[PDB]
Amino acid sequence: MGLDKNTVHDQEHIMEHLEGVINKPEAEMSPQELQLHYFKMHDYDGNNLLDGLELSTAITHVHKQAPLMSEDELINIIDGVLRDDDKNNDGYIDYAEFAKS
Amino acid sequence: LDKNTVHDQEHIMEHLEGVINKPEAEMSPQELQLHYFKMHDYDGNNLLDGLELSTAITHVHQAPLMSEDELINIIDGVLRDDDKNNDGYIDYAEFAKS
Amino acid sequence: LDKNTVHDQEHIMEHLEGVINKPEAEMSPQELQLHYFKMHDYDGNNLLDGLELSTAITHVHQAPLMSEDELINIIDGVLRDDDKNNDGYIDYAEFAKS
Amino acid sequence: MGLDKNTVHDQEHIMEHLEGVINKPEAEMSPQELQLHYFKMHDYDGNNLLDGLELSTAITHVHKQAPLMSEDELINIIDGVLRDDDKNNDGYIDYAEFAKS
Amino acid sequence: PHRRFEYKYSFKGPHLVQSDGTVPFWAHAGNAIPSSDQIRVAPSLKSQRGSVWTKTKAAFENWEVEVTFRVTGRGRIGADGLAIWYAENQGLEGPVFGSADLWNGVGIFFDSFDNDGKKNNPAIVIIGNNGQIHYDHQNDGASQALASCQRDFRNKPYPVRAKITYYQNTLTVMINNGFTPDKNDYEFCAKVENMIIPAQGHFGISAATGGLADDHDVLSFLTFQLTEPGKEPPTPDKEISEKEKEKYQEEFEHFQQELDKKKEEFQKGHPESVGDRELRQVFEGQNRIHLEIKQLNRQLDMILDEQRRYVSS
Amino acid sequence: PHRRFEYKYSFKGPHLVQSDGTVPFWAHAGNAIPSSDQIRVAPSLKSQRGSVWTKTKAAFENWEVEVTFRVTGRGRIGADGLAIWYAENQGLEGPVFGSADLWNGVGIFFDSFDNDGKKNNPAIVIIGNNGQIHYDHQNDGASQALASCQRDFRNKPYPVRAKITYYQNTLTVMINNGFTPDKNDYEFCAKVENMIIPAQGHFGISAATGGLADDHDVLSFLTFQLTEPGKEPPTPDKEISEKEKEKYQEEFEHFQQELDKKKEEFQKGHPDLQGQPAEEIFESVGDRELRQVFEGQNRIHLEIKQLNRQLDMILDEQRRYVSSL
Amino acid sequence: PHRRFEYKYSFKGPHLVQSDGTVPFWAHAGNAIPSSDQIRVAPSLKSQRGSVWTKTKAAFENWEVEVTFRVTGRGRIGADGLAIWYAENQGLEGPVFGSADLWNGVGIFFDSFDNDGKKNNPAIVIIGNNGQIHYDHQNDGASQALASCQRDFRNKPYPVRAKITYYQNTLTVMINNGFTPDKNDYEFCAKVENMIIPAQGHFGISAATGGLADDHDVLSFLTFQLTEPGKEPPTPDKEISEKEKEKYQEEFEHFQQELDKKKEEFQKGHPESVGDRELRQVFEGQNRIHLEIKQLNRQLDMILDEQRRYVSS
Amino acid sequence: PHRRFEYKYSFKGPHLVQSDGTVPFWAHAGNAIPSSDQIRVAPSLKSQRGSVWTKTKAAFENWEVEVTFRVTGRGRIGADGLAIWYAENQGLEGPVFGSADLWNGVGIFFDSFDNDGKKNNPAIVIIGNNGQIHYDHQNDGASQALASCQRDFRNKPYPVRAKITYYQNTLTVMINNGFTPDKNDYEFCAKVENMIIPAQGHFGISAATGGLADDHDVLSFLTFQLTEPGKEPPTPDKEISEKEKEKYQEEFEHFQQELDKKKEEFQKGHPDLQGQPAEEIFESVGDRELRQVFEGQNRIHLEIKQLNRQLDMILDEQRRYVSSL
Ligand SMILES: [Ca+2]
Ligand SMILES: [Ca+2]
Ligand SMILES: [Ca+2]
Ligand SMILES: [Ca+2]
Ligand SMILES: [Ca+2]
Ligand SMILES: [Ca+2]
Ligand SMILES: [Ca+2]
Ligand SMILES: [Ca+2]
Ligand SMILES: [Ca+2]
Ligand SMILES: [Ca+2]
Ligand SMILES: [Ca+2]
Ligand SMILES: [Ca+2]
Ligand SMILES: [Ca+2]
Ligand SMILES: [Ca+2]
Ligand SMILES: [Ca+2]
Ligand SMILES: [Ca+2]
Ligand SMILES: [Zn+2]
Ligand SMILES: [Zn+2]
Ligand SMILES: [Zn+2]
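Protein chains in written order, with PDB author numbering: chain G, 39 to 102, 108 to 144; chain H, 41 to 101, 108 to 144; chain D, 41 to 101, 108 to 144; chain C, 39 to 102, 108 to 144; chain F, 42 to 312, 324 to 365; chain E, 42 to 366; chain B, 42 to 312, 324 to 365; chain A, 42 to 366.
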């Protein structure tokens with residue numbers, strides 16, 4: 039498990055996340071722009087860079108019960124994401140790095 | 041409010057210390073009692089109530111806290127036979143009366 | 041307070057600039073006199089006095111400062127024939143009257 | 039002219055200088071302690087060290108008319124005093140240096 | 042009427058919190074943070090709800106509570122506010138000022154946020170509900186407000202005191218403006234007649250914080266039972282000749298005077325600020341002006357009464 | 042130097058806490074109240090102590106830590122203050138700014154109360170202890186203070202940001218005074234050269250409240266690993282020809298433009314956000330003491346006006362009792 | 042009485058200093074620092090004396106001067122103070138408040154340092170001298186003081202205004218304590234009857250500073266000649282039918298209104325603080341309270357007069 | 042390093058001015074008012090410029106300058122500010138802080154008015170100009186500022202002292218905030234390394250006042266020549282065996298003790314000195330705005346009390362007109 043393609047490719051989760059601010063649900067989006075929407079909606083700081091804290095917030099998350112992941116499990120997941128995607132060893136994940144995998 | 045609880049010298053001696061410390065181990069029974077009455081009136085109203093008495097009998101001087115029902119029963123028993131005017135307050139008139 | 045001293049356009053034209061600027065070289069003799077009377081009342085009292093006139097006829101626009115006696119004489123001559131109510135003040139009633 | 043011995047040894051000037059604070063005038067003082075009094079009274083800063091400024095104030099001075112010395116003259120006197128008495132090249136004049144000359 | 046102190050439905054400093062970490066005879070839940078001096082019912086954080094309710098029920102025909110509290114905010118607008126409830130059950134959680142909706146009792150709400158946009162807030166609203174009416178949070182309960190007064194209690198220099206008295210089917214809310222540290226400086230705010238509440242109930246306080254954050258501290262909560270002067274039995278022959286009190290009072294006064302004298306010289310046996329002192333002097337001067345104007349008003353009223361009595365004949 | 046963000050030693054908003062009420066990878070103890078936007082290490086109550094320490098030890102040769110905090114107090118005098126530690130053991134409870142004494146590491150103390158009575162406070166004091174020197178609370182630690190600078194960080198319109206950088210055995214503390222909302226206006230405060238610290242230690246931040254009361258919020262705590270430009274391995278041939286980076290950057294920018302346009306044209310379609318400007322959230326303390334004085338007058342006027350109208354009636358009806366008679 | 046403005050014995054802003062660097066018709070000497078807006082008669086430095094005196098002599102039977110000034114001090118105690126002289130000759134240098142002793146005229150002294158140690162200062166003292174009495178600086182002239190009132194004028198928020206009027210052998214000193222920016226808010230301070238001063242004399246102002254330093258700024262000095270309503274000749278037939286004034290006044294008002302309208306939109310054609329605004333609001337509120345108390349006093353006095361007229365019946 | 046006091050480039054009280062009203066070895070121009078205790082470079086009046094420069098050029102490789110000054114203002118916002126220059130030519134008149142623009146040297150500016158509107162003021166700005174860059178007054182010189190620190194130096198209970206040290210081509214500014222009356226409590230403000238300045242230059246200090254008014258007093262200006270410890274020639278055999286130094290030091294100490302005893306037993310014989318403590322000379326600005334408010338009440342009370350007694354008579358005499366009738 040990790041930053042799988044289907045986890046980002048869930049149109050329903052993206053649509054239910056963009057509600058309130060982006061009020062235009064359309065069930066015809068390509069699998070390209072929805073990954074982008076994921077990247078924009080999970081960058082809370084507005085710096086256009088995904089770091090470990092934002093990724094862990096996305097992975098743990100709260101949707102309405109569900110049990111929480113263990114701290115060691117979350118550490119392993121984020122470390123596996125960073126060790127295989129942060130080519131520039133900055134800690135942050137650029138959109139190009141995100142699109143690579 | 042038993043007699044021996046208020047007729048002990050070491051508690052009041054270690055309590056008033058900090059502003060007044062006049063070591064005199066010859067206090068009359070009405071002297072240490074009056075000190076006890078003066079120090080436990082936190083509000084400065086020269087009057088004792090249920091809350092002041094409840095903090096008096098428990099204090100912070108280890109032992110587990112007494113039961114809520116037991117504390118309620120003992121303070122109600124104290125207020126029943128000591129209060130005479132049924133004001134909800136305990137004065138030194140009633141305090142020295144019983 | 042000669043007629044040509046107040047009936048020249050360039051002086052008030054460079055004076056009023058900074059807050060209001062409406063370049064219009066067709067001003068009536070009562071219009072530029074109107075502006076002259078309006079701006080020289082520094083105190084905002086809608087009234088001219090000796091001191092306001094003294095700073096009016098001198099200004100800072108080189109030429110040597112005028113003699114104290116000469117300034118006193120010319121302002122006394124101005125005040126003698128223009129003021130009618132003898133208040134020590136010059137109003138536009140008296141200003142336009144002469 | 040300069041920091042002559044008689045200039046410091048004027049008992050009248052010392053006595054008229056210490057008035058107001060030291061009102062015990064006694065015309066029997068040795069030529070030793072009057073130099074001390076001079077040194078103490080001309081050190082306004084309380085640092086127990088005479089610099090050029092305090093010396094120039096003492097030399098120019100105001101006693102009640109007399110013409111003032113030229114600035115070049117005062118510069119020459121102070122530089123001559125400093126070049127022949129400031130042994131440690133500190134700028135300040137210690138009491139030991141004052142007693143040397 | 043005759044007032045009887047009730048310890049069972051009261052908390053007060055400076056030993057508010059016992060050794061175990063809770064306030065006696067009171068049950069607190071939510072984000073309440075009790076301490077020795079006061080109870081912070083809802084701290085200066087976003088979306089905070091807190092409530093302190095009595096453990097044992099209260100059975101009073103007529104009662105009077107005095108609540109001392111502060112509502113402190115950094116900004117000019119605060120949310121949501123404080124609430125004093127006399128209910129039938131302790132809700133202990135809900136969206137109506139940190140407590141449950143559909144309460145069966147009486148609630149005094151010190152609303153500080155104008156959800157209606159009518160510039161009425163801050164306000165004190167008395168709302169009664171049998172248990173079938175939902176509180177309208179979107180308009181500060183204006184439709185079901187029994188009575189309301191527009192007073193300010195935020196960022197006052199001294200604690201705001203409220204006296205809520207239910208006596209002979211009449212509920213009276215009197216508010217200290219908080220500008221003086223006097224204990225008996227109450228001003229009239231609101232009252233309602235023919236108010237019906239259950240005889241059995243729990244007292245409680247609560248506070249809620251919205252988008253803007255305010256600290257809602259409650260310093261004391263004294264509950265008094267009020268009884269009619271005629272209905273109370275006298276029960277005579279209980280003062281024990283009324284002579285021991287007279288023999289003891291002057292002795293106790295003398296001993297407390299000598300203790301104060303001892304403290305006077307033994308404070309220095311082994312050992324205010326500018327600006328703050330000036331502000332205290334300014335507030336004392338304003339209080340003097342207020343008192344003198346009130347005394348003039350009383351004098352003028354007496355003169356009016358004397359003139360009416362003179363012209364009556 | 043080269044900076045790498047370390048997620049295991051950081052926390053930031055707006056999702057600071059999880060659903061179970063704990064800060065990820067951090068252990069909080071004492072009177073800390075972690076909320077979603079900030080961690081309140083010590084609220085405005087008497088005798089409060091709080092601390093948040095890292096769960097896992099950090100092994101960095103050179104590092105940099107950026108802390109955003111607010112210390113807000115009603116009065117002009119505050120107590121006790123804030124502290125940022127890099128220690129050997131997690132001391133989560135004690136008498137030194139809410140954490141234990143005798144720590145084996147370095148500690149930066151933001152002291153708001155001048156116990157020494159020298160008018161040297163508020164101050165930023167760097168104190169390095171091997172584990173054998175007690176903190177002299179009664180003298181603000183001036184005897185064992187490695188370095189100090191005199192700054193004010195209380196009641197500022199914007200959060201105060203501090204950068205503490207350990208690089209080549211030199212510890213540099215830079216303070217952003219918080220007057221400006223810019224996040225990159227740091228001003229130098231202090232530095233200590235030849236500073237020694239344990240190779241592995243726990244980060245932490247604590248706060249304590251004394252006789253006076255302040256609120257010590259911490260909004261973020263960003264930890265960066267600093268590597269020297271020459272010792273860092275380049276590891277080339279990993280950019281995958283760098284062409285797709287350029288091919289994706291303009292697509293990302295085009296999205297940003299489109300989403301900004303969509304937000305712009307739907308932010309006014311249904312205007313329902315109340316908003317909260319910073320002008321409505323900031324007010325000077327002394328000016329506050331002025332405003333209440335003004336309010337004190339608004340009462341007094343009323344007590345005249347009613348009285349005035351009372352005198353009005355004694356002018357009117359008395360005339361009706363004069364002409365009739 | 043009838044007032045006539047006199048420019049020859051006056052200085053006023055904002056063009057107080059001419060191009061050559063001196064104030065017109067006034068001769069200043071000592072440490073006076075005349076500037077465009079005000080004259081700093083003696084700055085906040087140790088041992089400073091300054092004075093501004095009139096060049097040409099003044100021959101008025103009755104006169105009235107209005108002096109606007111500020112005395113600002115960092116400390117709570119100031120020295121020495123300000124002085125307004127109507128003399129016979131310009132002393133221009135001396136130890137009596139920056140001016141010479143044995144003056145032949147009248148001097149109003151605003152003493153701010155209590156050399157007598159009686160806590161009377163600051164005070165306003167009217168001292169007259171023929172030219173043979175030395176001013177007693179060691180006790181603030183208590184022995185030779187004709188009149189004195191104890192009013193404060195140091196570090197006031199607004200300029201302190203003093204009206205000194207000599208009319209029909211009576212000198213009246215009226216002080217605006219400088220708490221409101223109103224021009225006509227004078228309060229009575231002192232008066233002396235049968236005061237004799239020479240008809241020929243010079244007006245002047247002066248200031249002196251002792252060990253403690255205060256800034257003595259004088260903003261304006263307007264001198265008015267007062268004549269009796271009956272002694273002034275009418276000289277009729279000089280208004281020129283009194284119709285041109287009525288024909289011109291409304292035209293001038295219309296033009297000034299249209300100029301204000303033009304400035305209203307052309308101020309923004311090409312482009324207060326918190327705390328300071330709050331202080332201004334506080335001082336205006338204090339002024340409104342004071343005005344309403346004065347109006348209540350007038351209403352009460354009118355009621356008293358009506359009651360006396362009624363009990364007369 | 043080794044310090045030598047230079048009298049030719051200094052002035053200090055309490056005999057600052059001579060009998061002819063000029064400062065020795067210094068030329069003052071503009072609106073400077075040199076008094077015996079201090080030089081008021083620009084008084085609290087609108088549009089004032091003043092400067093005091095050195096008459097003689099000074100040739101120092103390394104130097105230290107200690108300036109004691111006060112900037113006192115009535116309001117919380119002051120203008121324009123103070124400046125200390127080490128230039129090539131004198132700068133008596135000009136638009137830059139009371140000195141001429143386009144100076145070939147170094148200039149330290151104490152700026153009190155934030156013309157840039159960035160809330161960066163008051164500030165200490167080091168500007169070094171070769172003679173071709175104008176001073177950007179509208180932006181507070183932030184574009185051409187070599188260094189800057191944010192300190193407050195207006196309305197302090199004690200004089201503010203600044204140490205400016207040029208040593209090994211590094212200009213270091215340390216500012217004493219003036220909270221404490223100690224003369225050796227300097228705190229670091231700024232430094233600029235590899236700073237180049239003319240070998241010979243004039244020292245000078247200037248002050249300017251804009252729309253708002255402040256008083257810019259200078260109490261002392263002490264200039265020291267700094268020499269390296271290795272380049273300084275020792276020149277031994279000049280102490281004359283050093284024995285008389287020890288033989289005179291204790292005599293000087295004994296005289297100090299005797300004079301102190303005489304002053305102690307004399308100061309109470311006829312007590313006539315009034316004295317002026319620092320508590321009676323210092324008061325905070327905001328507290329001042331409170332105190333006048335308090336005075337504003339002391340008037341209002343009177344207007345009630347008299348009114349009160351007036352109502353008193355209408356209670357009394359009316360009764361005398363009621364019982365009689
Ligand atoms: Ca990010
Ligand atoms: Ca990356
Ligand atoms: Ca009590
Ligand atoms: Ca009782
Ligand atoms: Ca006018
Ligand atoms: Ca006229
Ligand atoms: Ca010396
Ligand atoms: Ca030497
Ligand atoms: Ca509401
Ligand atoms: Ca409402
Ligand atoms: Ca401390
Ligand atoms: Ca300290
Ligand atoms: Ca005097
Ligand atoms: Ca006196
Ligand atoms: Ca500037
Ligand atoms: Ca700036
Ligand atoms: Zn989601
Ligand atoms: Zn002109
Ligand atoms: Zn001499």
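Backbone N, C-alpha and C define an ideal beta-carbon position, used for all residues, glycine too.
- Shortest gap from the CB of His51 of chain C to any heavy atom of ligand 19: under 7 Å.
- The set of residues whose C-beta lies within less than 6 Å of a heavy atom of ligand 2 reads, in chain order, G:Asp129, G:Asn131, G:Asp133, G:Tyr135, G:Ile136, G:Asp137, G:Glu140.
- In the DSSP assignment, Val147 of chain E falls within the beta strand (DSSP E) that extends over 146 to 152.
- When C-beta distances to chain A are compared with 7 Å, the residues of the region 131 to 142 of chain C below that value are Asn132, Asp133, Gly134, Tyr135, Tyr138, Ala139, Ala142, in chain order.
- Taken in chain order, the members of the region 47 to 77 of chain F whose beta-carbon sits within less than 8 Å of a beta-carbon on chain H are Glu47, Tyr48, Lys49, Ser51, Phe52, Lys53, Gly54, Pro55, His56, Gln59, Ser60, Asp61, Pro65, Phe66.
- Per DSSP, reduced to three states, the secondary structure at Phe244 of chain B is strand.
- With respect to the C-alpha of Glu228 of chain A, the residue from E:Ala164, E:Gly172, E:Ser184 having the closest C-alpha is E:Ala164.
- The DSSP-derived three-state label of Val64 of chain B is coil.
- Any Cβ of chain F closer than 8 Å to the Cβ of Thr113 of chain E would place that residue at the interface, and such an atom is present.
- If you check the C-beta of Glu92 of chain D against ligand 5, you find a heavy atom less than 7 Å away.
- Taken through DSSP and simplified to helix, strand or coil, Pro84 of chain F comes out as coil.
- With respect to chain B, the C-beta atom of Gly219 of chain A has no partner C-beta closer than 8 Å.
- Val82 of chain F sits close to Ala248 of chain F, with the two beta carbons spaced by under 8 Å.
- In this structure, DSSP gives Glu54 of chain C a helical state, which the three-state scheme calls helix.
- In the structure shown, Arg192 of chain A falls within a coil segment according to DSSP collapsed to helix, strand and coil.
- Relative to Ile216 of chain B, the option among B:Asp357, B:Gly71, B:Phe110 whose CA is nearest is B:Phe110.
- Just measuring C-alpha positions, the residue of E:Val147, E:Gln266, E:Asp157 sitting nearest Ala124 of chain E is E:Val147.
- The straight-line gap separating the alpha-carbon atoms of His175 of chain F and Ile167 of chain F is approximately 14 Å.
- Contacts between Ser94 of chain H and chain F, judged by CB atoms closer than 8 Å, involve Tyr48, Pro65 in chain order.
- Collapsing the DSSP output to three states places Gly252 of chain B in coil.
- For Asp127 of chain C, there are no C-beta contacts with chain A under 8 Å, since the nearest C-beta of that chain is about 11 Å from it.
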